[PDB]
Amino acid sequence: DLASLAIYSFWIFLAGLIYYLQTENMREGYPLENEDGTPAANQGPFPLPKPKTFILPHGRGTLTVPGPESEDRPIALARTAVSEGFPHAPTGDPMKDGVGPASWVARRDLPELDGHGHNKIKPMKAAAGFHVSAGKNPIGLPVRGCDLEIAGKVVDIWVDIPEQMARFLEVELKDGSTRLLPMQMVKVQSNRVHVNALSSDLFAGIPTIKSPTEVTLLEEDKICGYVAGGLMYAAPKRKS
């Protein structure tokens, strides 16, 4: 009977599909490692997929996955028990060290480019024709940390050009230097921008970028990772 052949066939197709999908999802982070980075004995029942290669645009090279996996940075963590599967305590300031929720990745230290190969993200003051067009303009507001202290003023908005969104606030600190603050991590209120993740004292902590009018994928991750890690690590100095 035709119907029952079809439904039997389908289930076989579906298992192959799940297998296909689950391998395709192993192109990154595999093969599994022990807590010292050696290959792990039990790799599960799925095999690594054949390597695929992406042709990155704008002469940025390729990516081939799966490939050799390497953290490409030192990790300031240390075992907390004598057996696998336990937390790993930081060995310094996890905020300063980029471990934990403060963690960042060793992404390319170039900036993301739009499709015409200009930097994806610019400050507004240097983005012709860009301006705030709805909602409170945060530029000029005092930036308040979670200890309810003022930590800086907003001196620009860093905007994505091909998408036209806000992506960071640029905050000027008491020493006159700025930092970038991810937009998704401040509350623009009518008299202030509030940052619940960091306390004021921790604002100079924020990794600093090297050029004033661009930010690289690496510099983003150290800035985003740091602010977010403040959530867990500032908490001794978060009020209410």
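One-based numbering along the sequence shown. Rigid core: the largest C-alpha set superposing within 1.5 Å between the two forms.
Rigid core fits of the other structures in 9 other deposited structures of this protein place the C-alpha atoms of one stretch farther away on average; of 43-51 and 177-185, that stretch is 43-51. Root mean square Cα distance to the shown form, taken over structures and residues in 9 other deposited structures of this protein after a core fit, is higher for 19-27 when 19-27 and 221-229 are compared.
As recorded in the PDB entry, 58-66 is the stretch of 201-209 and 58-66 with the greater mean C-alpha temperature factor. Per the PDB record, of the two stretches 21-29 and 225-233, 21-29 carries the greater mean B-factor over its C-alpha atoms. Per the PDB record, 71 has a higher Cα B-factor than any other of 109, 156, 114, 71. The residue among 145, 138, 129, 94 whose C-alpha atom has the highest B-factor in the PDB entry is 145. Ranked by Cα temperature factor within the chain, residue 191 sits in the highest third according to the deposited record. Residue 182 sits in the lowest third of its chain by CA B factor, as recorded in the PDB entry. In the PDB entry, residue 134 places in the middle third of its chain by CA B-factor. The PDB entry assigns residue 36 a C-alpha temperature factor belonging to the highest third of its chain's modelled residues. Remark: residue 123 belongs to the middle third of its chain, ranked by C-alpha B-factor as recorded.
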